[PDB]
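# Reading the structure
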Amino acid sequence: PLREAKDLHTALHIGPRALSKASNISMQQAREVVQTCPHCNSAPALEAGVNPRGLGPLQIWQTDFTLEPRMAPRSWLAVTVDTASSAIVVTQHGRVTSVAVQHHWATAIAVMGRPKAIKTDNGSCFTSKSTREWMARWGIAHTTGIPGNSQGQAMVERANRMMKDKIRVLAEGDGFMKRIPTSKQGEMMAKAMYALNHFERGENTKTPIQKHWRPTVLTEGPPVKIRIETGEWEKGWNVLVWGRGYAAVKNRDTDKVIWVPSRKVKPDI
Amino acid sequence: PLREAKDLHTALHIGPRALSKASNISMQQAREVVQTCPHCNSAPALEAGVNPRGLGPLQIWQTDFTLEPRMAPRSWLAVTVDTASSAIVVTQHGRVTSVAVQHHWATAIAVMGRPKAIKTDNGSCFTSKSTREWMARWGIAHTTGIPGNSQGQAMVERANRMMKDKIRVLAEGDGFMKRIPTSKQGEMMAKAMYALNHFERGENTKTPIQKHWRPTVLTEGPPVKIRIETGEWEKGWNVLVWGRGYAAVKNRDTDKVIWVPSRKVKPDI
Amino acid sequence: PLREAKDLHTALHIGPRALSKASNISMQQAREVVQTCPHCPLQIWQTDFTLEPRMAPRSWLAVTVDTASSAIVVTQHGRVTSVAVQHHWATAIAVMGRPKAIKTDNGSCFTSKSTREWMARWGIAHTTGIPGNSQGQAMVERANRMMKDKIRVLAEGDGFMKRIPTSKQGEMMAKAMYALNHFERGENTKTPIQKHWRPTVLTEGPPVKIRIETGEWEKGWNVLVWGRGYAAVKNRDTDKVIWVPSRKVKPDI
Amino acid sequence: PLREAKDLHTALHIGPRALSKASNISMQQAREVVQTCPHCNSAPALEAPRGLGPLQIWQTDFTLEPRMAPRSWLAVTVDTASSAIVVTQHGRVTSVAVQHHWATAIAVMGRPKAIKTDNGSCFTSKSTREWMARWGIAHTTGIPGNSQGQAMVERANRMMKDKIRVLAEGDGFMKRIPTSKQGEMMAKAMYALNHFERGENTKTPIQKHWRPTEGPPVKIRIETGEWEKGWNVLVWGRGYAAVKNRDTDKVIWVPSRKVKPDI
Amino acid sequence: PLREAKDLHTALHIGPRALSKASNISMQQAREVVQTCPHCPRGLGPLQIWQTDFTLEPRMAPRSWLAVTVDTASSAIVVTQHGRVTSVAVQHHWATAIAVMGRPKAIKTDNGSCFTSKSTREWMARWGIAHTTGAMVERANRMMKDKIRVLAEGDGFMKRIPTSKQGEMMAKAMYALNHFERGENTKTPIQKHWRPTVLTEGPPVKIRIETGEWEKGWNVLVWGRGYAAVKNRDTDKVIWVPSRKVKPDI
DNA sequence: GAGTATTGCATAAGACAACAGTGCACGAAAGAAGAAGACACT
DNA sequence: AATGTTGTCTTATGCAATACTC
DNA sequence: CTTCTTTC
DNA sequence: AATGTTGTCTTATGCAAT
DNA sequence: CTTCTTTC
DNA sequence: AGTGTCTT
Ligand SMILES: [W+6]
Ligand SMILES: [W+6]
Ligand SMILES: [W+6]
Ligand SMILES: [W+6]
Ligand SMILES: [W+6]
Ligand SMILES: [W+6]
Ligand SMILES: [W+6]
Ligand SMILES: [W+6]
Ligand SMILES: [W+6]
Ligand SMILES: [W+6]
Ligand SMILES: [W+6]
Ligand SMILES: [W+6]
Ligand SMILES: [W+6]
Ligand SMILES: [W+6]
Ligand SMILES: [W+6]
Ligand SMILES: [W+6]
Ligand SMILES: [W+6]
Ligand SMILES: [Zn+2]
Ligand SMILES: [Zn+2]
Ligand SMILES: [Zn+2]
Ligand SMILES: [Zn+2]
Ligand SMILES: [Zn+2]
């Protein structure tokens, strides 16, 4: 049956259940036949990726431009968020230039303070010599991303949800439909980012401004296990941050801290 | 604090968790406040009951065109599947014409038999008076689809993902990567259709041939309950088909048969 | 019924038994209608070539007939090659399944190594012989006459005198196969499709066992519905139907 | 839209509710327009409301219209529930002309349960008895001109006459309406008095006749915590329900928890 | 049920769908009844496009000409009689069918001198109706003639029908076609015409548009299991969309 | 009074999203409406 | 050089407190 | 006889 | 007029031999 | 001192 | 000297 099944899959590439039933082969073997085939293994998962987040506020920032035509003429919205505090700062601009990046960054620093590093995309206004000189002056490390995959920029584009879903609702509330009047744009914006920092975020236990100015940093965390490349669970780690998607775990022997998917962490003892 | 919370949401449109905590209101009330707001319409009521299925073999067919450049210059693949037996029939054509549709349906009839009804999407070939007058002589019911949002012919469009992949796997297996030579295209077709229809489809207990020529039609099914618009569970129904996604259920008092989502059916007693 | 049957024969030229059954007409009338018309398993297969000047440019027609179910499969070609035999055979196996053996003539297209290894990978026996023996090559020959007759008859019925353009050829062969396969032939009271597949509609489910309160597995049940969480199984004797957890059901034998 | 509405009434003499809706004019203005019209002050008014639905009890009579000569006999039939007027012209009041008129009224409004007529000669004949018996519609005679048996059609006749007269005076027909335009004129009057709103109601008469198509009803819990009657639910999907107010037909969506059966 | 259907067909020769609904009979019996009798592309909105055509029937002498107009969407029909072929007859018949059904938006006609005359030209413009003059129109003519033969031979009229008997049979025909069936359908032409309109206003909905956005401003007119018919409040355009693509407005 | 249906309420339990600068660009196919020359109108 | 995000949306259980039905 | 339009 | 669908895909659980 | 390649 | 539907 094993050779007959191999020949059958060679010619027809029959799935494993059919070969297992037809030739009376156990499922592990039939699956082994599909696995050993080069063309039929065209769907392995091989998925991973952590945003990542910072262990404390004013450490990791993310910034990107988004287009909200309601703010016309200055329809470009530069959005920035701290990964630890989840607090949002936004300004309006008419053109996406490095001047707008250093201006917006100047405002966000004027509100929340100076961050350790800002994580942007591969845009031309962020990769300009002038921007590198600006962050060279303010001492902020620069981290770009994949060319076209904003998944790593997730928790800033996630902000672009609120900033665009809150501006819609608040603008419709004051009776503005096609374009927000220029006299009330500042009020709209101020109330907008006012509602998203001093007040909780749905099921969030604290407010983003409280998580900003009064963050929770564990000195030494509780012990956890992590699932390592071979699929095994390894003791000897402690967790410092455990969020919804991902957790930050620290190795006990070195104090190195890494971010891993939640599914790959379980309590140690 | 019902009015205080309402005012807070009026101005800032604060979520229910925040208003419930801030104004000490129970959950149901705060949620009612968010619900009662028009510009915060959640909504999210989109009726999920959606069922494109038929009862018996040769009763309801699905037919659509798709592009696979491996068969060029005749790369146009016409696909027709029987919704009850899941038996696929595909024919290659250089250009999508009503004559090509009548040729395809002529072959699928020459293999499976004359169907009672065929459901397609409203294209140029199907909505022509010529194809209409062709189904006229053969007595086959014609059912078009929504202009653009083709999610109902899915069990044929999904068939393309079942089809074209089995093409590639058979093409790469024979050393043909870019375009399959004209001499072996038809053999590729026959080998694909024989691999799909004459063997189990993954977890399928019967083969499409065993499901077509030896189908299983229940004289009368076991009793079930269905969840009705008000959310209640109503007795007095019997289930005739219970698949992975959807179920066909029959009303005991009238013998009227309707299709409903699996999640909306449970055993009666 | 008389006019409906006449129209049916006009278009498809269906034999008299099929028209008699379909339109509920007695034998003498249906047969008289055929007279009044001017133009009127899986054990061993017989494959042969036949040329039809009416299917130009690709006028070669490959025919395969099952010796037990009398099915008919046809594919058009432009020239007889060793590849054409394996292509047509691939189509036939795709249609009606893999047979056990095929009988052909002493032609080079059937006896070449290119065809031999093809029949070897699929496990199909082959026995050649005299080109036209009565053991033999007689049945597939009758299939060729029937097929060519039906081709010229349906063609001249739709208004195609001698040459059918390249567009409607596959449609012609399609309708021909439909008539000669899904309808009764001559005086035979069953269709070749029914002779090949035995289309028995299953009135119930396959047999299963259910785990009873004492933990034992009890035979004598068949399952009719398997929904989320639970399964409906029917007792074959009393026809009582009960619902039980999926985990409490396993195949019987 | 004041001038457009004025022109509309000039030609068709449409009631105020219809002009108010068609040209988006407030009620007080439209009513002032109807007041300023001379033939809208004759008037007469046919609507003057039981609890039975359409096709329950009809009324049928004959009236004279010398302008419609030679076919000067107008057979009028109106519904006592939906208030729909159907009329055809004849040369003489016969027993077969009532079968023709009623046969016409069947093809447009369906078959009623009964038809109340007077003691006229053509209503108690043998031919009318055969036709009425073939169509299975009940019939009751009565006194010609009392206050209960013959109530609405008495006004319906003057409605029709003082409608065709006015629509004809607008085209230049004063002494006698020509024969080639008899059915055309009559048709214009019917389309003016059936498909359009007349008086002040919540639905147009043509809608009044064709809505046996509705809620359970339901009650909804209003902001003050009270339960308010007067709504019907038309759609109940996952999470929310659409309910319609019976007095206005306004439809709003509310949470499922806020709905319970009314009575 | 068998006797009720047989009597109904004996007198009116009613099609099988109507007898099946009226007497609660399955399709096979009613169809068998229609068989035993010897004398026996979809549209999107009513009152929008009509199709008028002339037809001749010498049995209706001296006014042998007829005139049939059909609402193509709601499967409606209306017929009148005329003596000669002129323009005032066309304007007369249209003026009647308007009162029968309601002011249509456009009416398709045939090639003819009566439809192009000056008076007929500006008559439709006076009522604000479009003229196009554009296969399946003549079905209503034979539709009318077969039913006329059915009821005429039902009451015993074989020869030429008197002038004082034509109208009653016309109304008997139009009633015998509008209220019963169209031969194969599931809903009477009246509900296809008169009762999508009686719905005052549906509930508000949003629809997901090509760009993925949700657009306010629509009301739903028909809500079935799979699909809903929704009407734009600003334009009255009606489209059919998947249930999953609709959510409540406010 | 005592058993019980039901209301109040709180999580939790699967999920659904849309965030990515704008999406409209082109093409075939089948069917319907607008435009230039010709020979009647007057 | 440099990784997918949470903010909500409905319904499904487990336990106090009215409002009922004997 | 062109474009113009609705779908795939 | 006319309804998001399944065949894989990985990693966790119940019946019988060294 | 204009015209391409990158990315958003 | 003005235009008008029909053919395509
Ligand atoms: W070629
Ligand atoms: W070639
Ligand atoms: W070729
Ligand atoms: W030759
Ligand atoms: W030759
Ligand atoms: W020859
Ligand atoms: W020859
Ligand atoms: W030759
Ligand atoms: W020759
Ligand atoms: W060729
Ligand atoms: W060639
Ligand atoms: W060629
Ligand atoms: W060739
Ligand atoms: W070729
Ligand atoms: W070639
Ligand atoms: W060719
Ligand atoms: W070719
Ligand atoms: Zn393989
Ligand atoms: Zn709000
Ligand atoms: Zn014949
Ligand atoms: Zn007036
Ligand atoms: Zn009949």
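Residues numbered from 1 in each chain as written, not as in the entry; some residues may be left out. Chains lettered and ligands numbered in written order. Part of a larger assembly, values for the part shown. Heavy atoms only, no water.

## As for the overall build of chain C
Helix and strand counts for chain C stand at nine helices and ten strands. Against the globule reference of 18 Å for 253 residues, chain C gives a C-alpha radius of gyration of 24 Å, more extended than a compact globule. Along the first, second and third principal axes, the C-alpha atoms of chain C reach 75 × 55 × 35 Å. Split into buried and exposed, the 253 residues of chain C put 47% on the buried side. Once the 37 positive and 22 negative side-chain charges of chain C are each reduced to a mean point, those two points are 5 Å apart. (Helix = DSSP H or I, 4+ residues; strand = E, 2+ residues; numbered from the N terminus. Rg over C-alpha atoms; globule rule 2.2 N^0.38 Å. Buried < 20%, exposed > 50% of the residue type's maximum accessible area, 1.4 Å probe, protein only. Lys, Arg positive; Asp, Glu negative; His and termini not counted. Charge placed at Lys NZ, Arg CZ, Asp CG, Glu CD.)

## Quick notes on the packing of helix 7 (residues 182–194) of chain D against helix 4 (residues 87–101) of chain E
As a packed pair, helix 7 of chain D and helix 4 of chain E sit with axes 8 Å apart at the nearest point and diverge in direction by 20 degrees. Considering the angle they form, helix 7 of chain D stands roughly parallel to helix 4 of chain E. For the crossing formed where helix 7 of chain D meets helix 4 of chain E, the hand is left-handed. Residues D:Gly183, D:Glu184, D:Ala187, D:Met190 and D:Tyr191 of helix 7 of chain D form the contact with helix 4 of chain E, whose own contacting residues are E:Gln91, E:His92, E:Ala95, E:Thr96, E:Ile98 and E:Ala99. Across the contact of helix 7 of chain D with helix 4 of chain E, the residue classes tally to six nonpolar, four polar and one charged. (Axes fitted to C-alpha atoms, helices over the stretch in contact; angles between N-to-C directions. Parallel < 35°, antiparallel > 145°, perpendicular 65-115°, else oblique. Left-handed = near helix turned anticlockwise from the far one by under 90°. Contact = heavy atoms within 4.5 Å. Nonpolar A, V, L, I, M, F, W, Y, C, P; charged D, E, K, R; others polar.)

## Overview of the protein's contact with DNA strand F
The local shell around DNA strand F holds 24 residues, among which A:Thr66, A:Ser150, A:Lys164, B:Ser124 and B:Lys129 are the closest. Counting only the atoms of DNA strand F that lie within 4 Å of the protein, the sugar and phosphate share comes to 71%. Side-chain polar atom of A:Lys164 to a phosphate oxygen of DNA strand F: 2.4 Å apart, as the coordinates give it. In this structure, a phosphate oxygen belonging to DNA strand F sits 3.5 Å away from a side-chain N or O atom of B:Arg17. Counting residues per element, the ones that place at least two in the surface near DNA strand F are strand 1 (60–67) and helix 7 (159–173) of chain A together with helix 3 (27–35) of chain B. In terms of residue count, the dominant contributor to the surface near DNA strand F is helix 3 of chain B (three residues). (Near = heavy atom within 4 Å. Polar contact = N/O pair within 3.5 Å; in protein donor to acceptor, adjacent residues only side chain to side chain.)

## Topic: the relation of the copies chain A and chain B
In screw terms, the move from chain A to chain B is a rotation of 180 degrees and a rise of 0.0 Å along the axis, fitting with an RMSD of 0.7 Å. The two molecules are tied by a two-fold rotation axis, judged by turn and shift. Both copies contact each other with a shared surface, as 96% of the interface residues of chain A are interface residues in chain B too. (Least-squares fit on C-alpha atoms.)

## Some thoughts on the domain arrangement of chain A
Structurally, chain A comprises domain 1 (60–213) and domain 2 (223–267). Computed from C-alpha atoms alone, the centre-to-centre distance between domain 1 of chain A and domain 2 of chain A is 31 Å. (Domains from an automatic or database assignment.)

## Details of the interface of chain B and chain C
Contacts between chain B and chain C engage 40 residues on the former and 39 residues on the latter. Contact between chain B and chain C buries roughly 3300 Å² in total, counting both sides, with carbon and sulfur atoms accounting for 67%. It is B:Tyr194, B:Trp213 and B:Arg214 that lose the most area in chain B upon contact with chain C, and together they represent 19% of the buried surface on that side. Linking chain B with chain C are zero salt bridges. In this structure, the connection of chain B to chain C is made through nine residue pairs in polar contact. Listing elements by their share of the side of chain B that touches chain C, those giving two or more residues are helix 4 (98–112), helix 5 (129–138), helix 7 (182–197), strand 6 (223–227), strand 7 (233–242) and strand 10 (265–267) of chain B. At nine residues, the largest contribution of residues to the side of chain B that touches chain C is made by helix 4 of chain B. (Buried area = accessible area lost by both parts, 1.4 Å probe. Salt bridge = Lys/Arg side-chain N within 4 Å of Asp/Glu carboxyl O.)

## Thoughts on a nonpolar patch on the surface
All names here are of chain E. On the surface, a nonpolar cluster with roughly 430 Å² of combined accessible area is contributed by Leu44, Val222, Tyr227 and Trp240. Tracing the backbone shows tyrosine 227 in strand 8 (residues 227–232). By relative accessible area, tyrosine 227 is classed as partly exposed at 32%. (Patch = residues over 30% accessible without salt bridge, like charges linked within 9 Å, V, L, I, M, F, W, Y side chains within 5 Å. Areas by Shrake-Rupley, 256 points an atom, 1.4 Å probe, with all protein chains shown as cover.)

## Description of the pairing of strand 7 of chain B
Residue and element names in this part refer to chain B. Across four bridges, strand 6 lies against strand 7 in antiparallel orientation. Opposite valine 224, over in strand 7, you have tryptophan 237 as the bridge partner. The turn linking strand 6 back onto strand 7 is made up of five residues, and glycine 231 within it adopts a positive phi angle of 85 degrees. Bridging between strand 7 and strand 8 (residues 246–251) involves five bridges; their strand directions are antiparallel. Residue pairing in the sheet places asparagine 238 in a bridge with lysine 250 of strand 8. (Pairing = 2+ DSSP bridges.)

## Re the interface of chain A and chain B
Taken together, the contact pairs 24 residues of chain A with 24 residues of chain B. Between chain A and chain B, roughly 2100 Å² of surface is buried when both sides are summed, and carbon and sulfur atoms account for 61% of that area. The three residues of chain A that bury the most area against chain B are A:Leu12, A:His39 and A:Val169, which together make up 26% of that side's buried surface. Put simply, the parts of the chain that give the side of chain A that touches chain B at least two residues each are helix 1 (2–12), helix 2 (16–22), helix 7 and helix 8 (182–195) of chain A. Sorting elements by how many residues they give to the side of chain A that touches chain B places helix 7 of chain A first, with five residues. Looking at the side of chain A that touches chain B residue by residue, the classes come out as ten nonpolar, seven polar and seven charged.

## Concerning the coordination of the zinc ion (ligand 22)
All names here are of chain E. Coordination of the zinc ion (ligand 22) by the protein involves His9 (NE2), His13 (ND1), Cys37 (SG) and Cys40 (SG), with metal-donor separations of 2.0 to 2.5 Å. Each of the four donor atoms around the zinc ion (ligand 22) contributes to a set of angles spanning 75 to 123 degrees, which defines the coordination as irregular. By relative accessible area, which is 12% here, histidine 13 ends up buried. (Donors = N, O, S within 2.8 Å, 3.2 Å for Na, K, Ca; no water. Tetrahedral: all angles 85-135°; square planar, octahedral: opposite > 155°, others 65-115°.)

## Digging into helix 3 (residues 27–35) of chain C
It helps to recall that an α-helix has 3.6 residues per turn; residues three or four apart then point in one direction. Residue and element names in this part refer to chain C. Among the residues of helix 3, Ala30, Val33 and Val34 are the ones counted as buried. Angular distribution of buried residues about the axis of helix 3 spans 100 degrees; they occupy a single face of the element. Along helix 3, exposed side chains directed more than 90 degrees from the buried face belong to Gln28 and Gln35. On its buried side, helix 3 packs onto helix 1 (2–12) and helix 2 (16–22). (Arc of directions from axis to C-beta.)

## Thoughts on the sheet that holds strand 6 (residues 223–227) of chain A
All names here are of chain A. Pairing is antiparallel in the open sheet, where five strands are placed in the order 9-8-7-6-10. Looking along the sheet, the strands with just one partner apiece sit at the ends: strand 9 (257–261) and strand 10 (265–267). Put simply, the sheet's adjacent strands are angled 50 degrees from each other on average, direction ignored.

## Topic: the protein's contact with DNA strand H
Residues and elements named next belong to chain B. Near DNA strand H, the surroundings consist of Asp64, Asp121, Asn122, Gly123, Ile146, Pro147 and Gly148. If you look at DNA strand H and keep only atoms within 4 Å of the protein, 100% of those are sugar or phosphate atoms. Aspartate 64 places a side-chain nitrogen or oxygen 3.1 Å from a sugar or linking oxygen of DNA strand H. A distance of 3.4 Å is found between a phosphate oxygen of DNA strand H and a backbone nitrogen or oxygen belonging to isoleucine 146.

## Here we look at the coordination of the zinc ion (ligand 19)
Residues and elements named next belong to chain B. The coordination sphere of the zinc ion (ligand 19), as far as protein atoms go, consists of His9 (NE2), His13 (ND1), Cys37 (SG) and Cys40 (SG), spread over 2.0 to 2.4 Å. If you look at the zinc ion (ligand 19), its four donor atoms make angles of 96 to 123 degrees with each other, and the shape they trace is tetrahedral. Site description for the zinc ion (ligand 19): donor spacing in sequence, H-x3-H-x23-C-x2-C. Of this pair, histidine 9 sits in helix 1 (residues 2–12) while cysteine 40 sits in the loop between helix 3 and strand 1 (60–67), placing them 31 residues apart in sequence. On the accessibility criterion, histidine 9 (3% relative accessible area) is buried. A relative accessible area of 17% means that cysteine 40 is categorised as buried.

## What to know about the arrangement of the chains
In this assembly, seven pairs of chains are in contact, and the pair with the greatest number of contacts comprises chains B and C. At no point do chain C and chain D touch; the closest pair of C-alpha atoms across them sits 21 Å apart. As for chain E relative to chain C, no contact occurs, and the smallest C-alpha gap between them is 11 Å.

## Structural notes on the packing of helix 7 (residues 139–155) of chain E against helix 8 (residues 166–178) of chain E
All names here are of chain E. At their nearest, the axes of helix 7 and helix 8 sit 9 Å apart, and the two run at 120 degrees to each other. Every pair of crossing elements has a handedness; the one defined by helix 7 and helix 8 is right-handed. Of the residues in helix 8, those touching helix 7 at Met143, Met144, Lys147, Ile148, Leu151, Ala152 and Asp155 are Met169, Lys172, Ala173, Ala176 and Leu177. The residue makeup of the contact of helix 7 with helix 8, split by class, is nine nonpolar, no polar and three charged.

## Topic: the environment of B:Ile140
All names here are of chain B. Locating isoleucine 140 in the fold gives a position in the loop between helix 5 and strand 5 (141–143). Residue classification places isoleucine 140 among the buried residues on the basis of a relative accessible area of 8%. On a C-alpha basis, the gap between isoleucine 140 and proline 115 in space is 6.4 Å, while along the polypeptide they are 25 residues apart. In this structure, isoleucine 140 is in contact with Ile109, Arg114, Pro115, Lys116, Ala117, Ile118 and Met135, ignoring residues within four places of it in sequence.

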